[PDB]
Amino acid sequence: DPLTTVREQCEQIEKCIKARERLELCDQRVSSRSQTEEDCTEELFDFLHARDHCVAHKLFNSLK
Amino acid sequence: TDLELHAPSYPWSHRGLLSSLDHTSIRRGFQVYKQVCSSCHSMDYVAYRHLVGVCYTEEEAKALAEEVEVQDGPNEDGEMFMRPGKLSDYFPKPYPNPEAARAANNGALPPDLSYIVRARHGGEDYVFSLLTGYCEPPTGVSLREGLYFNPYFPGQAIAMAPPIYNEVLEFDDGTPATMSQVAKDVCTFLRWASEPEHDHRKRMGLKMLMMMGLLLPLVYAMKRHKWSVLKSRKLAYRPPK
Amino acid sequence: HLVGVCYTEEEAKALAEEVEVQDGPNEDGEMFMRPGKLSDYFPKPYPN
Amino acid sequence: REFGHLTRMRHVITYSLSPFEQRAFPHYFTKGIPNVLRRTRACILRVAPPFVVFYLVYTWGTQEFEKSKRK
Amino acid sequence: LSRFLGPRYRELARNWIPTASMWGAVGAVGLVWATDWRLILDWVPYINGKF
Amino acid sequence: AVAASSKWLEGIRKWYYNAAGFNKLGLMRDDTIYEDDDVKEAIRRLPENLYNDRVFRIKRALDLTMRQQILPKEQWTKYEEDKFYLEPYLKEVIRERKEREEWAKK
Amino acid sequence: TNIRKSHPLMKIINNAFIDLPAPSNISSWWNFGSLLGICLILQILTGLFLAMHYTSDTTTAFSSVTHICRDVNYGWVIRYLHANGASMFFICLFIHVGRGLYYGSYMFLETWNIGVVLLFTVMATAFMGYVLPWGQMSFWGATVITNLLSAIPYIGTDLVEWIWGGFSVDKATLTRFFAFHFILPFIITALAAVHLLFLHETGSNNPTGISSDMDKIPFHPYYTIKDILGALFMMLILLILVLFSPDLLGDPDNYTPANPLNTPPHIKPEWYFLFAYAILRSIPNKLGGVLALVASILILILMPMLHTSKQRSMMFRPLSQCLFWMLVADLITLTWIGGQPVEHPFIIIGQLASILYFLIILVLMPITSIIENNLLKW
Ligand code: HEC
Ligand code: HEM
Ligand code: HEM
Ligand SMILES: COC(=O)N(OC)c1ccccc1COc1ccn(-c2ccc(Cl)cc2)n1
């Protein structure tokens, strides 16, 4: 319950939006043709690494 | 070919050099192990004599191991006479067919937990960041049926289905049982389990630093006193001309 | 330890595949019976 | 090798003072701080340039390891 | 280098190289029973030394 | 033995004399030699005034290194004042060792 | 009538520690010889405890060590005193060897050669102590030694089978590794008394490289109080690593138990073997890699023969000081490479740094001393 609201404002950081937008720019690249195994685990690692950094700075105040 | 994700740094309440453990968050964290799991994970090195003093007095530890019923030894004309557990026990173990119980888990056996934060490259920051970090499988990643996409896993597809939602549990004192109050208490557990000497070596480290603050400038004063004879001497050369 | 002293190794296993003692457990089951596995001490009579 | 059988020496005089007649701590920051700066300057061009080249190889070696697993 | 140069150095080493197989072959017989060298106990048919 | 680099290679010799620092402790070049058996025979053959000068210069330099100090710059040993007092005695000791070695093989 | 000059046992102690003539300008780099004697005694009164409560078998080794940290009283402090006390021994050994290399102490030929024997014996001992706890790093680190030990073309296949207890990974493997680890620290204690008896014939070298027979002082009280102060500063650093971060020097994957269960994410030993593991791993031949492992430690015996300078130490040799610190920076590179995976940038780097370690000692150091001889007009 505090995690799902702390994770909300951590996405509108400018370091986290341009890790999100070309994750979804590559979404319509995989299901377009048949000659591909271009996965999206590289595009999602940079999202979660930029995001979960700022979550750890703030989450432990709202707990215990 | 793909990269890996490492857990960030969480400001634990025992992260400092002279910081103790919180003795209420281990009390709440034993029960996130006691009745959310032990259906997959043993902890084959901790007993209920290890829980008295840390977080219980002995009566609340005596009342447990009577929620479990394990198989004791033999007698004459009875064969495997049993009992509920004593407090000197590794209380149950989970699944039979040992080391091949992966048929219950689709070819991947979950490991023991009594040394799991010492055995990882993240400590208890890794256990927290994987237990609360499930995602949906992204585009192009095909999954064998029985795999769940966890980005904090080396193989990127753990056979772990997520074990916690919100209020799988309710504590004894009255505490909200959200998914982050969960897994913060069981990660203050599983670290005391790996290192039960945590608060004892930090209090002994304080007494060491105060004695060496007395013993060292005084031995350096005795050395400085003897060596001042050589440090102050003068030399002269007077040959016959 | 009886082989070469007073028996050869056949004539020896057949005396071990004559008594029935309790082995350990196996999954999809419990404590089962499997007789002499060529290396077994001599069976006691009393359980206590 | 005992003390009166070591070597031959002539025409040398030494003067000394008792340890109870002097200060155990003479000039400490007046003499000592400009002395440890002369010793640092005299050895810095011999010791330090090898460890700079280890630093440049270490940065090139960890950055070209990650610009191989990327795509 | 003229460190160990000379016709004297290999003159005493001329008359010792007959008894300098007391350096190498003595090491070769010094590791027959200290080692149990397995495939060079059939150097002779004579050593059936272990049962 | 090059006449074009007569002054240039003496600049590298004077630079190396100051980069090495036995002159800051008041030492001469022959004070710093490693004493093997040929050097120990040349010390025994020195006249009595050159022996006593060498013993005091070494003792004064060992005392400076104990204190981690050096001499004032006006008391440093100059480059064109360094006397190679041991080199004639050492060339004769080595020539005698090489004579006893050609005799032992011929 | 002075009893410390005439009693048969007291006069041995007096000549060794009390009335011994010593140079007056001896630095703090000469402290690490008595520190090595403190670390060796400490590893004996702490290995007493661990071998008491111990069982060495393929079924119970990983649990016999976890019994001591929790159940055995005062066992967490003594176990991590022993694991960090061996890291302390190896840092006091590399300082000690680099001192004698820098100041030309290898010219004491008999003392230097017993030292090279002492460096081999503690290296082989500590290898047979990390195999005892039986984790992932214990298994996969031991099973790369025997691949290069069975590469010995005649006797090697029956050599490894004689030391593995008899077949392979089994109960009795850890009865010959444990036997070769209880008794090897006592050959070191007898080799250290012989090591000091040869040094007593000449006395000590000093930082200038010049003989100091005109400036000797007694050992007591000047260096007895200086060796006690330096040992107190060593106990402060050791108890800080034990009481504040007892797992800083270590690997978490050796808490995962040993089994041929699965290949580990990496294979790496302790920090004081990472320079040696990096050299053999950069040779794609299991005979060429076991020869360059022994040639990286036994190359120290050629240091008296390769000396071409007219001076003894490196205090007045500025061109040779640059090469000494290039060698130290080359061993830092091999310690980093030896904990890296075998990938693209860490093979060309790890094999050029293996070449430069031998090029400095054999070729570059004897030529540079000759160049400095010509510049001083001898
Ligand atoms: C749905 C069953 C299940 C539940 C319940 C469960 N896990 Fe697991 N877990 C698994 C499986 C399956 C594995 C084996 C991983 C593999 O080999 O893919 C595993 C392994 C693990 C690992 C090791 C992962 C790694 O990266 O090494 C950790 C840590 C772990 N479990 C923690 C927990 C904790 C803490 C809980 C209690 C909140 C828990 N698990 C509850 C399924 C479960
Ligand atoms: C268990 C290992 C060792 C012990 C206990 C030990 C002990 C000592 C002691 C007490 C001294 C005299 C004090 C000092 O100068 O520090 C000394 C000096 C010396 N040691 Fe060691 N040592 C060990 C290993 C080695 C090694 C590995 C080497 C070289 C490869 C070595 C070579 C020397 C030399 C050359 C000296 C004389 C140095 C000098 O006077 O300048 N020793 N040792
Ligand atoms: C030169 C001295 C010594 C060195 C360098 C040394 C090194 C080591 C090392 C590296 C370990 C492994 C610890 C770990 O990985 O957790 C260890 C532990 C061990 N040592 Fe030693 N040791 C020395 C002395 C001794 C002595 C004197 C004994 C026996 C009397 C001994 C017996 C053992 C045993 C049984 C272990 C068990 C594993 C453990 O408890 O961690 N060692 N030592
Ligand atoms: C603390 O133990 C480890 O680090 N061990 O061994 C269990 C380990 C663990 C994992 C991988 C490799 C090793 C060993 O790697 C090396 C590399 C060189 N030596 C060596 C050993 C003895 C001698 Cl004489 C000379 C060289 N060992």
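Letters A, B, ... mirror the listed sequences (proteins, then strands); counts begin at 1. All ligand and atom numbering here is 1-based and tracks the order in the structure.
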Open item on the list: Show, in sequence, the C-alpha distance, side-chain angles and deciding distance for G:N84 and G:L249, and conclude whether the side chain to side chain contact (heavy atoms under 4.5 Å, CB included) test is met.
Closed with: CA-CA 7 Å; G:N84 293 310; G:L249 307 161; 4.0 Å; yes
Open item on the list: Determine whether B:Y10 and B:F128 satisfy the following criterion, ring-ring contact (aromatic ring centres under 6.0 Å, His included), listing intermediate values before the conclusion.
Closed with: CA-CA 9 Å; B:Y10 288 85; B:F128 185 86; 4.8 Å; yes
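With a 4.0 Å heavy-atom cut-off, ligand 1 is reached by the side chain of B:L131 but not by its N, CA, C or O. The side chain of B:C37, and not its backbone, has at least one atom closer than 4.0 Å to an atom of ligand 1 (non-hydrogen atoms only; side chain from C-beta on). Contact annotation: for B:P162 versus ligand 1, there are no heavy atoms closer than 4.0 Å. Contact annotation: for G:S138 versus ligand 4, there are no heavy atoms closer than 4.0 Å. Contacts between G:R79 and ligand 3 below 4.0 angstrom, taking non-hydrogen atoms only, involve the side chain exclusively. For G:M137, every heavy-atom contact with ligand 4 shorter than 4.0 Å involves the backbone, none the side chain. By the criterion of a heavy-atom distance under 4.0 Å, the side chain of B:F153, and not its backbone, is placed next to ligand 1.
Counting protein heavy atoms only, atom 42 (C) of ligand 1 is closest to B:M160 CA, 3.5 Å. Among protein heavy atoms, atom 20 (C) of ligand 4 sits closest to G:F273 CE2, 4.1 Å. In this structure, the protein non-hydrogen atom closest to atom 21 (C) of ligand 4 is G:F127 CB, 3.9 Å. Of the protein's non-hydrogen atoms, the one nearest atom 22 (C) of ligand 4 is G:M123 O, 3.7 Å. Looking from atom 30 (C) of ligand 3 to the surrounding protein, the closest heavy atom is G:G47 O, 3.1 Å. Distance from atom 11 (C) of ligand 4 to its nearest protein heavy atom, with residue and atom name: G:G141 CA, 3.0 Å. Here the protein heavy atom with the shortest distance to atom 2 (O) of ligand 4 is G:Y130 CB, 3.0 Å. Ranking protein heavy atoms by distance to atom 13 (C) of ligand 4, first place goes to G:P269 CB, 3.3 Å. In this structure, atom 36 (C) of ligand 3 lies nearest to the protein heavy atom G:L132 CD1, 4.1 Å. From the protein, the heavy atom lying nearest to atom 18 (C) of ligand 4 is G:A276 CB, 3.6 Å. For atom 16 (C) of ligand 1, the nearest protein heavy atom (residue, atom name, distance) is B:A108 CB, 3.6 Å. Residue, atom and distance of the protein heavy atom nearest to atom 5 (C) of ligand 3 are G:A86 CB, 4.1 Å.
An angle of 180° is found at atom 21 (Fe) of ligand 3 between G:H181 atom NE2 and G:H82 atom NE2, rounded to 10°.
For ligand 1, the atoms lying closer than 4.0 Å to a non-hydrogen atom of B:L109 are 14 (C). Near G:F178, with a cut-off below 4.0 Å to any heavy atom, the atoms of ligand 3 are 35 (C). Counting atoms of ligand 3 from 1 in the listed order, those under 4.0 Å from a heavy atom of G:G129 are 11 (C), 12 (C). Taking every heavy atom of G:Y130 and a limit of under 4.0 angstrom, the matching atoms of ligand 3 come to 15 (O).
Within the structure, the closest approach of G:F182 to ligand 3 falls below 4.0 Å when heavy atoms are considered. In this structure, B:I158 counts as a contact residue of ligand 1, since one of its heavy atoms falls inside 4.0 Å of the ligand. By the 4.0 Å heavy-atom criterion, G:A142 is excluded from the residues contacting ligand 4.
Salt-bridge check for B:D22 with A:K64: passed, with a basic side-chain N closer than 4.0 Å to an acidic carboxylate O. Here B:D185 pairs with B:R28 in a salt bridge; the nearest charged N to carboxylate O distance falls below 4.0 Å. Here B:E197 does not pair with B:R191 in a salt bridge; the nearest charged N to carboxylate O distance is not below 4.0 Å.
In summary, the aromatic rings of B:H198 and B:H14 are positioned with their centroids under 6.0 Å apart. A distance below 6.0 Å separates the ring centres of G:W164 and G:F177.
The N/O atoms of B:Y126, backbone and side chain alike, include one that comes under 3.5 Å of an N/O atom in ligand 1. Any N or O atom pair closer than 3.5 Å counts here, and B:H41 shares at least one such pair with ligand 1.
Among G:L174, G:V122, G:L50, the residue whose heavy atom lies closest to atom 39 (C) of ligand 3 is G:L50. Comparing G:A83, G:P269, G:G85, G:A126 by heavy-atom distance to atom 13 (C) of ligand 3, the nearest is G:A83.
Here CG of G:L238 is found 12.0 Å from CD1 of G:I38. Values are rounded to the nearest 0.5 Å. To the nearest 0.5 Å, atom CE of residue G:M88 and atom CG of residue G:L81 are 12.5 Å apart.
Around the CZ atom of G:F358, the shell of radius 6.0 Å holds more than 12 heavy atoms that belong to other residues, nucleotides or ligands.
For atom 25 (C) of ligand 4, no protein non-hydrogen atom is found at a distance below 4.0 Å.
In the model, B:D2 has a side-chain atom that pairs as donor or acceptor with a side-chain atom of A:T41 under 3.5 Å.
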